[PDB]
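Structure assessment
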Amino acid sequence: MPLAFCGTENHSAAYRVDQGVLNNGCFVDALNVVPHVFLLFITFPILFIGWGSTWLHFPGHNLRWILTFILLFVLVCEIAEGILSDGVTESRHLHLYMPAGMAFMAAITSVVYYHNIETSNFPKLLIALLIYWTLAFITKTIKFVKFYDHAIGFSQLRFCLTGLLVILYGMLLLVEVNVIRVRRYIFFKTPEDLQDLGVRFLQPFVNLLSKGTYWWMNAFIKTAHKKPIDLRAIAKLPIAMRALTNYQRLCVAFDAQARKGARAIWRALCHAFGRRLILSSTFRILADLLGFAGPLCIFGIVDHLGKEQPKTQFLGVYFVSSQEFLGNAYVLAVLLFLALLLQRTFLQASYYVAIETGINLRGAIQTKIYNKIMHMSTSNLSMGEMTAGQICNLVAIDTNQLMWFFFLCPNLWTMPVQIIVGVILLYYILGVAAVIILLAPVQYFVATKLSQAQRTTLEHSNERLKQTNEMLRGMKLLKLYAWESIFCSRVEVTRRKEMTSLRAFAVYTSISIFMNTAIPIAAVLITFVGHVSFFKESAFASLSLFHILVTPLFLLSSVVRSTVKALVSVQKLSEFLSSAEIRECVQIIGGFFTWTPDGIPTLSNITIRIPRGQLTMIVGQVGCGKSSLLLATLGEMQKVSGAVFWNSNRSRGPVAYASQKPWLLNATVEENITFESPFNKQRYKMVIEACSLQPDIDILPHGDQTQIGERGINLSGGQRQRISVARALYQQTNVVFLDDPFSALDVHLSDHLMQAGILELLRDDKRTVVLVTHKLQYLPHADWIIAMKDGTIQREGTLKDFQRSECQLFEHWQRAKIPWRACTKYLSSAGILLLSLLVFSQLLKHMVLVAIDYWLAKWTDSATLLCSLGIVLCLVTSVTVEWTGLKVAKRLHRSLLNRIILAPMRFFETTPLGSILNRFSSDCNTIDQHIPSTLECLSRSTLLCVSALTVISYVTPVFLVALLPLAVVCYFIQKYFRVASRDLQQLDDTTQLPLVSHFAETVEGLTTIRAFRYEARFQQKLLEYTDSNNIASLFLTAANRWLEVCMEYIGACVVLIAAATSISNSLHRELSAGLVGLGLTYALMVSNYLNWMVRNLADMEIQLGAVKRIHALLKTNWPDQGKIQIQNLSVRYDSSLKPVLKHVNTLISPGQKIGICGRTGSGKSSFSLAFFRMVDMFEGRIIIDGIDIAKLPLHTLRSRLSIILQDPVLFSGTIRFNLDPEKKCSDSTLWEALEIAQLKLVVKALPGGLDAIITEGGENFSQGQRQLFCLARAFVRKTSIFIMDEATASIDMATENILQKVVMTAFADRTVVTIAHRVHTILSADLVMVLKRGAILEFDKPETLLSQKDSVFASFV
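Residues numbered from 1 in each chain as written, not as in the entry; some residues may be left out. Heavy atoms only, no water. Residues with missing side-chain atoms left out of burial classes, pairs and counts.

The deposited coordinates derive from cryo-EM, with the record listing a resolution of 4.55 Å.

Where we set the bar: UniProt positions are given in the numbering used here, feature names are shortened, and annotations may be inferred rather than shown by experiment.
The chain has the name ATP-binding cassette sub-family C member 8 in the PDB entry, where Cricetus cricetus is given as its organism. For this entry, the PDB title field holds "Cryo-EM structure of the pancreatic beta-cell SUR1 Apo state". Comment text from UniProt for the chain, heading Subunit, reads "Forms an heterooctamer with KCNJ11; four ABCC8/SUR1 molecules interact with one KCNJ11 homotetramer." In its Subcellular location section, the UniProt record describing the chain reads: "Cell membrane".

**Describing the overall build of the chain**
The test is simple: Elements are defined by DSSP. Helices are runs of H or I of four residues or more, strands are runs of E of two residues or more, and each kind is numbered from the N terminus.
Secondary structure assignment for the chain yields 46 helices and 18 strands. Its C-alpha atoms give the chain principal-axis dimensions of roughly 140 × 80 × 60 Å.

**So, the sheet that holds strand 3 (residues 603-604)**
This is how it is decided: Criterion used throughout: strands pair if DSSP finds at least two bridges between them.
Strand order in the open sheet formed by three strands is 3-2-6, with antiparallel pairing between adjacent strands. The open sheet has two edge strands with one neighbour each: strand 3 and strand 6 (638-639). Here strand 2 (residues 592-594) pairs with strand 3 via two bridges, running antiparallel. Each bridged residue has a counterpart across the sheet, and for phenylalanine 593 the counterpart in strand 3 is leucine 603.

**Observations concerning the environment of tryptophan 216**
Quick reminder of the rule: Here, residues are in contact when the closest pair of their heavy atoms is within 4.5 Å.
Its location among the elements puts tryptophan 216 in helix 8 (residues 216-223). Note: C-alpha distance between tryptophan 216 and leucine 202 (14 residues apart in sequence) is 7.7 Å. In contact with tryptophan 216, other than residues within four places in its own chain, are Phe201, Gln203, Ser210, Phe1035 and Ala1038.

**Side note on the packing of helix 34 (residues 960-1004) against helix 36 (residues 1015-1067)**
Under the convention used in this document: A fitted line through C-alpha atoms represents every axis, and for helices the fit uses only the stretch in contact; the resulting angles, taken between N-to-C directions, go from 0 to 180 degrees. Angle categories are assigned with fixed cut-offs, so that under 35 degrees is roughly parallel, over 145 is roughly antiparallel, 65 to 115 is roughly perpendicular, and the rest are oblique. Handedness of a helix crossing follows the sense of rotation of the near helix relative to the far helix, less than a right angle counterclockwise being left-handed and clockwise being right-handed. For this scheme, ten residues count as nonpolar: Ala, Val, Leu, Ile, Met, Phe, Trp, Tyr, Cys and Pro. Four count as charged, namely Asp, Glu, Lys and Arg, and the remainder, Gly too, count as polar.
At a closest axis distance of 9 Å, the pairing of helix 34 and helix 36 adopts a crossing angle of 165°. As far as their axial angle goes, helix 36 and helix 34 are roughly antiparallel. Here helix 34 runs over helix 36; the crossing is left-handed. Each residue belonging to the contact of helix 34 with helix 36 can be placed in one class, and the counts come to 17 nonpolar, five polar and two charged.

**Remarks on the pairing of strand 15 (residues 1181-1184)**
In terms of strand pairing, strand 12 (residues 1126-1127) meets strand 15 through two bridges, oriented antiparallel. Its bridge partner being in strand 15, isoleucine 1126 is matched across the sheet by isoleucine 1182. By the bridge criterion, two bridges tie strand 15 to strand 16 (residues 1187-1188) in an arrangement that is antiparallel. Looking across to strand 16, one finds that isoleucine 1183 is bridged to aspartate 1188. Counting the residues that bridge the hairpin from strand 15 to strand 16 gives two residues, and of these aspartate 1185 lies at a positive phi of roughly 55°.

**A word on the packing of aromatic side chains**
Definition in use: Centres within 6.5 Å make a pair out of two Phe, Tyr or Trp rings, where for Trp the six-membered ring is used; the pair is then stacked when the planes are under 30 degrees apart, edge-to-face when over 60, and tilted otherwise. Only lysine NZ and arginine CZ atoms are considered, and such an atom sits over a ring when it is within 6 Å of the ring centre and within 35 degrees of the ring normal.
Summarising the aromatic geometry, the rings of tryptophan 404 and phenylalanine 407 are spaced 5.8 Å apart at their centres and angled 70° between planes, so their arrangement reads as edge-to-face. Relative to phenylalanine 445, the ring of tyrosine 444 lies with its centre 5.7 Å away and its plane at 70°, an arrangement referred to as edge-to-face. Ring pairs connect the aromatic residues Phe201, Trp216, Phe220 and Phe1035, which therefore count as one cluster. The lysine or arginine in question, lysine 368, covers the ring of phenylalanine 254, its NZ or CZ lying 3.4 Å from the ring centre.

**Examining the sheet that holds strand 9 (residues 768-772)**
The five strands are arranged 8-9-5-10-11 in an open sheet whose pairing can be described as mixed. Each edge of the sheet is formed by a strand with only one pairing partner; in this case those strands are strand 8 (735-739) and strand 11 (792-796). With direction set aside, neighbouring strand axes in the sheet form an average angle of 15°. Summarising the sheet, strand 5 (residues 615-620) and strand 9 pair through four bridges and their orientation is parallel. Across the sheet, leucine 615 pairs through a bridge with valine 769, a residue of strand 9.

**Section: the UniProt feature "disulfide bond" in the chain**
Selection rule: We call a pair of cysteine sulfur atoms a disulfide when they lie within 2.5 Å.
Taking the pair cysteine 6 and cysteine 26, which UniProt gives as a disulfide, the gap between the sulfur atoms is 2.0 Å, short enough to count as bonded. With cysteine 6 in the segment before helix 1 (27-51) and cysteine 26 in the segment before helix 1, this pair connects stretches of sequence that are 20 residues apart.

**What to know about the packing of helix 32 (residues 913-929) against helix 37 (residues 1074-1115)**
Running from amino to carboxyl end, helix 32 crosses helix 37 at an angle of 135°, the nearest separation of the two axes being 9 Å. When the axis of helix 32 is compared with that of helix 37, the two are oblique. Judged by the sense of rotation from one axis to the other, the crossing of helix 32 with helix 37 is left-handed. Here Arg919, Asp923, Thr926 and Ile927 of helix 32 come into contact with helix 37, specifically with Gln1103, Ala1106, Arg1109 and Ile1110. When grouped by side-chain class, the residues that make up the contact of helix 32 with helix 37 number three nonpolar, two polar and three charged.

**Some details on unusual backbone geometry**
Phi is positive for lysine 536, which is not a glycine, with a value near 55°. Here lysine 536 lies in the loop between helix 18 (519-535) and helix 19 (540-577).

**Focus on the pairing of strand 5**
The pairing of strand 5 with strand 10 (residues 786-789) spans three bridges and is parallel. Across the sheet, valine 619 pairs through a bridge with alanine 787, a residue of strand 10.

**As for the UniProt feature "binding site: ADP" in the chain**
Using the residue numbers shown here, the UniProt feature "binding site: ADP" corresponds to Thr1160, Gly1161, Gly1163, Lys1164, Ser1165 and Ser1166. Mapped onto the secondary structure, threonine 1160 falls in the loop between strand 13 (1131-1132) and helix 38 (1165-1170). As for its position among the elements, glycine 1163 is in the loop between strand 13 and helix 38.

**A short note on helix 43 (residues 1264-1276)**
Under the convention used in this document: Expected helix span is computed as 1.5 Å times (number of residues minus one).
Counted at 1.5 Å a residue, the expected span for helix 43 with its 13 residues is 18 Å, and the 18 Å between its end C-alpha atoms agrees. Once helix 43 ends, the next one or two residues include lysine 1278, with phi positive near 55°.

**A closer look at the environment of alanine 240**
Positionally, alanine 240 belongs in the loop between helix 8 and helix 9 (243-259). Placed 36 residues apart in sequence, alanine 240 and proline 204 show a C-alpha to C-alpha distance of 9.3 Å. If sequence neighbours within four positions are ignored, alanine 240 has contacts with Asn246 and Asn360.

**Side note on the side chain of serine 1130**
Definition in use: Polar contact criterion, stated in full: a pair of N or O atoms within 3.5 Å, where within protein one must be able to donate a hydrogen and the other to accept it, and residues adjacent in sequence count only if both atoms are side-chain atoms.
Structurally, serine 1130 can be placed in the loop between strand 12 and strand 13. From its side chain, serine 1130 meets the backbone nitrogen of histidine 1143 in a polar contact 3.2 Å long. Those residues in contact with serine 1130 that sit more than four places away from it in its chain are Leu1141, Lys1142, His1143, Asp1176, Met1177, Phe1178 and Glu1179.

Right under this line is the structure:
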């Protein structure tokens, strides 16, 4: 029984070459063999030469790929047909399936060949492929015309298949010769060079296999596991994705639409992105339809295999009828497999095209927003209407969610089509669905109530977090007076109010999961119960349809919510976009200028001229239009009437300017000094000298490298005014405007040195200046002054004019992860009595869903109360999850508060408040309102997945042999993808932060930037920020889609193997395919349960990482003697190299209020810190009124001994709560204190009295009211001693009032120990001690020994 080529029968009569060679119907297949094996036998060594930087794709090549692939599809179909025809027959006969296998391999090799000839630019070498393609087109055309001569027609299948690849090969031969015409290589006598030089990200210019499967990502992601992904490793982002380019295209769209509001933005967005958005929607519709084809193949397979030879015979050859073709079993399985392997590639492509269009929308619209910042007026009507928070929330939230809307925009095209086709094929499947079509509005109303509760919850917990910030800012002051507990109680009360709100949030979000996971069960139950009781007419395919319908509905509910937010956002930006713009030597003639663009000119009759070569000191009344006139010269006022001659020694030059309000960019201080200018040491040193900035630089621990301004080193107002003057002065300009720099700079000697340096700089540059201020010490002397009285110019001339206008009278006046810490979370959070119930209910629910699936299979074979148990268990699990997360967050919150209470003040000195507040608030929010739902979703998704692989292994008990490599591959793919995705996620966050940082620093100092006309550099910084955000966003997106392709093909192979082994055991061993079919419907859902599994697993990784930060914060009658004799108590902090206090055996006598101030460099502050027993006094002996002060409860010791401070602060609350909240002793003591200290005329003038709100520090009480509250605590806490510190900045009368209050404290308490680096006012005392260079050097029990000795008087001089 050997291998006959055509067939052995009739004594070699099929080998009869008589009656023509071509009229033999088997010999033509042998003719069709020739071109395919010819191309193989001429192109394998070539390919091996191939096997042994610059790319150019050939012209007209997309149709090559689609014709080659669709010919792969029909050639696989002819492989199936050849096997099905040669197998049920008596012979072998081997002429049905020898040509197709080499043809399949030939198509594979000719596309590898076309790829290897596209990689290497050598166009004269595709002559072989084209002469091949023409030869095979001719040969199958001959076969088809002889099939036509035998008059077969379309009834038999092989006629149709042959005609299909005839027109296939003809049309793709025509593609080849169109390329021949274009590139003109063979018979003609006679590129992406821009796309060459650039970026790493070559996904839009790569072959189709890498466009589909993200093959180029592979070498990236495998590179990413060894070394991390720096920003330099990220691409340069090519021209087609440059934000400027999309912005130009969009502005052309704007101009075309606006030549021919909300509809304008709508039309503009549609015109700029519809040809891709529509392409994305088209791919999405095709993916929906090929998803919706699946169940037809499963139903057909099970019906024909339950059906338990072909009729036609033309010329002795058996042709399979087409109904029997599409009625076959194995053929439909292979078709199902190839349909899934193409469906689940178009879905990812649709995702990606929507994402790419979204990133270009974000780019162009952010660029447009910033361009219309660059022309927006900074008025008190323009900026006075809309603050910077409005425009910051606009940019951030609006543009990101408009992007998320154009993410969800094809969904609003498909989920309706999804629902309609679901209803249609559910009627074809089950005969004569409203429940499942009623589960998207359930999600809509539940999400609506959830978002309302979340809004209210967030704006309540915002007040809770603000109170916590106000209770964590004064940590040292409240711990010093032992006043932590009352603020902890007011926090725990606000926390429990927020906890009631969070319980309502969790209820309304448990019900979404419950409705989400119990609507299909009731839908199927009502469906089949109708089918039996109400219908009585006649399954697993229907269940799979139930899955395919269930998935879009909740997404569509979110789409509708996003649509509403998008419409509101476009309304917001349209009402924003039509606000007032700005506009289109010195001389101003007509004089009318206002802010509102009509009516009430705010500055009129202005006829003032200031030509070049000048130094104008200006003067005027208080707010008489000085900054208004300066900005009006700058062209920043709506000038109604007048003209502006303008000539720099008609275009404007770089006028330096400095507004009344200072401004500093959140950058380095030298970067905030140089301001995008080259750096020379001389002028920089001169400006640091003139503005006295070298002591200011030394006042900072980095100086010219510290992150100045907001989000960094907190500066002072005089420092910021001086920094602004330095940045204004350095920029090397032909004019200089100084609008009162020494107004806020109250340092007179600094101001005088600055005035002299200003004269020197403006005198040594020979450039015009204009200084508008009230410093009249020099302004009427040697300036060309100009005075604006009542908003008008009086005289711009010499000093004799001010001696002629009654103005001198005023001048005469790695990568480790969760499970240890995650185990600690679940253990310390839950308690096993609810964790066990949660895991048991989840496992039981999934066992019930498996069981009801098997019961559905058996009843369908033979042609309820488990779906009810399922719904109840789903409700139970959703309740248990939300309840467990709520209790978890509650007890963790109280734990965080308790560990923050039991802390030393040295940690607050060490660690910033930002770390404690950040890992408090953001991680508490994450482990309170975001982590439990994701945990529940993971615990439902991976358990559905483990269930599904259990079902596949149960149906086909041979599957597990193929499970082990699939799980190994999934484990390795999970590992390498996790390694890339975590780092890329952090790179996304740390790149999306500086763009909105730029929008803050732009919106703050806008008029200075628009004053310099130095917009293009910030334009480049904006475009750089937008590019650095977009490249990370596109790589994160494309990594997600590549993940989904790789894991989803792993799942597809699982489906194929499971179905194959189940069908193999059901053809012969008769597996009773219901157990097999129920396996298959989990095999289809595996394909996306893995999807949900992988994406949610990454999210579970990142959020449990901030629990790590949580673990890090979990890791760490009245004494009236005053006779505490310290006996040699030596102090240390790290006990490393330098103790400060040494051997100080010093006593404060009763009455002898020893105010002991010393040397401020070495021994002043350390003793002042160590005075409250709040530091490590490493030796000696410290008695306190004869008691042991080294082993006492420090809460009781620090409660009843008041002090004063250097930088005092008032805790906000009731006035009795601001005085003594824990005590609340008596009203008359508070009247005596708050009368006799200070602020009696504010307390009695307060609206409430002792029960009035301390308005966040006493915002309009006094500044001496802080010291008054200190004295209140001194009079209230039975405090004989009162340790006082000096005022940092105060008035001399304020220091005298503090001294008078200290005199009253001496008259009433008489115990005090004060240190003051202001030694010349610290002389009113009783005893003193000077402890210089860390010793007991001087002690003066009379006050005259300080004034008697040399050095103490030298410190007193």
